[PDB]
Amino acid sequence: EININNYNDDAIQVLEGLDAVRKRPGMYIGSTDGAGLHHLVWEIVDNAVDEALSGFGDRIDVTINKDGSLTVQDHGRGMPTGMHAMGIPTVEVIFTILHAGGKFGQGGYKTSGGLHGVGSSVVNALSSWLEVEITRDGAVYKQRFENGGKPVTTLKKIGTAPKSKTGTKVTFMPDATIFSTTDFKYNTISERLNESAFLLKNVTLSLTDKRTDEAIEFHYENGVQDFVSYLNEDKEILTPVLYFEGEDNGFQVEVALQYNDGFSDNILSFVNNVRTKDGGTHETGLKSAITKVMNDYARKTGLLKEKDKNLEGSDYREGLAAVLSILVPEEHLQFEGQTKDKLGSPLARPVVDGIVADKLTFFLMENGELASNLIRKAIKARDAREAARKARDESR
C-alpha cells in the first residue's frame, strides 16, 4: 500500500489532464453545483461569441434538448477540419488537450474573451458524451466523445452544404457523476444570452427548450444604451442615457449611464463581452473619472464651496446605472484566476479613466441644468451618509 511511512517515487501521480479536471473541478469551474453546471454553457457560448467578435456569424442558437443535453450552433468559420501538428485532428486538440487553441496571439482571433485554452476541453472532460458538427468548405464533419471526453470516433465526413455555409455546433450531456444537479435552467440561460445580445449591436442570440417548448430570441440595434435602459425599465429615470465611446493604444471602450430615483449603485462591466462580475481594472477606471470629473465640476461652478471637502464616490454613484464594455487586446489581457470575474490588466485603468474622464467633463459643460441637479443629489447623499454616522455614533 502507499503509506506515509513509504513516500517513494510510486506516490507521486500524474493526471492525464482531462483526468485532472474530473479530479479537481473546483479549479476549473468553481463548484459542481448548478452554478458550476452553467459555466459549461458559458464556455461553449463564449466560443461562438469570440467567433462573432472577430467578424464571423450573425446568429448563435443555444438549445436545451428533450434528453437533457445542450447545444450551441454558430455560423462562424468552423473549427479547423484537418490534421493538427501533433497527429490527431485539430478538433480533437480543441476538446481533449489543455492549454491549446487560437487565442495566444497567433492572429486567428481579434479581441476575444477566451485566452486560457481550456474551455472546450473542460466542457468535454465534464460530460458523459459530446458531439461536434463543423461546417466548412462545402462539407460537414462530425465527431463524438464519451465518458469524460474520450474520442469514440475520429472526425468524420457526414455531409455536404452550400459552400457559403460554415460553422460550429457543439452538444454535450453534463456528467451526472460530477454535478449534484444536471438540470439546466432556462431562466438562467435566458438571462445570460440577453446580457450577451446587448454587446453585439449586430447579432441574434436564441434559446429554445424542447422540454417545455419555451423559446426566446434577443437582438439589440443600440447595444450598450439599450442595456442601460433595460436596467432602468420599470424604474423612474432622472437623466437621459449618456453614451461615451473611444479607442486608445488598441483598447476600445463603450459606456452607458443613466441615473434613477433610487439609491443603489448598479453597474455592470465586461472585458471582451465576458461579464466580469467582480469588476476590475476597467471598472476602477470609470469609478475614478466620475468622482474626479463631478468633484472638479462642482468646484469650478462653486456648488461645492471652497472650504468644502470633496464629495465621496458612493455619493456620486448613488442611483447610477452604467454598462461598461471594454475590448482589451490579447497582449494586454490579464484576469485574476482561471475564472474571469475580475480584470487585472493594469493598462485598462488609465485607458477607461482617460476616455470616460474626457467625455463626461464635456457633457456637463453642455447640460448645466442636468449637471447641477446631479451635483445637488450628490450633496444630498453625503448629507444622508453623514447623518447616519452622526446617529450611529451618538448611540455609543
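So that there is no doubt, residue numbering starts at 1 and follows the sequence shown.
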According to the deposited model, is the average Cα temperature factor higher in 69 to 77 or in 296 to 304?
-> 296 to 304
Per the PDB entry, mean CA B-factor is higher for 379 to 387 or 21 to 29, namely for 379 to 387
Highest CA B factor of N124, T160, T281, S269, as deposited, is found at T160
Looking only at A85, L207, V170, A100, the Cα with the top B-factor belongs to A85
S54: which third of its chain by C-alpha temperature factor?
-> highest
Is the Cα B-factor recorded for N187 in the lowest, middle or highest third of its chain?
-> middle
Quick one: classify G117 as lowest, middle or highest third of the chain based on its Cα B-factor.
-> lowest
Using the B-factors in the PDB entry, rank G223's C-alpha atom against the chain and give the third, lowest, middle or highest.
-> middle
Could you look up the Cα B-factor of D213 in the entry and say which third of the chain it sits in: lowest, middle or highest?
-> middle
